[PDB]
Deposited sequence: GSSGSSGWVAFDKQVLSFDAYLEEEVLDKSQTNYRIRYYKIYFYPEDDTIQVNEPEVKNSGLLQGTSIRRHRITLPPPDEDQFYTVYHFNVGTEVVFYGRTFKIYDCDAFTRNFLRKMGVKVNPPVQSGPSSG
């Protein structure tokens, strides 16, 4: 034991979210872009906005599925292009992922979906 191997490197997904602020009856919004990291080693997730500012990040930890499945955590199999994930009540829309991630998914039998556009 003790062999050096980096076979559990993070998977990265590009996602966006719309900050929709309801003003009386009119809703204004802006688009925020994030990078979602999934760590195979411990199934933890981290989110960061590449761009007192609120909502720019989510620390690395295991994230529960949204109701009614909060007794379970998100796994690597819940992430794909054209799929939505919900962290702390906010909906993230995954639209891409790098080559390394696409290759990793293929190696574990996952078919990566076509572009959302």
| query | finding |
| --- | --- |
| Coordinate gaps, deposited numbering | 1 to 5, 57 to 61, 128 to 133 |
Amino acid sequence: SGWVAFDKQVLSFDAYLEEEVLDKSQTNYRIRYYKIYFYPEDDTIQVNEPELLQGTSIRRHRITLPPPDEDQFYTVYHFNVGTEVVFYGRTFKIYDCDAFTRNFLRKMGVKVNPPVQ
From here on, numbers count along this sequence of modelled residues.
property	result
Stretch exceeding the other in mean C-alpha B-factor - 85 to 93, 24 to 32	24 to 32
Mean Cα B-factor comparison, 52 to 60 or 70 to 78, giving the higher one as deposited	52 to 60
Peak C-alpha temperature factor (PDB record), options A99, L105, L17, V10	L17
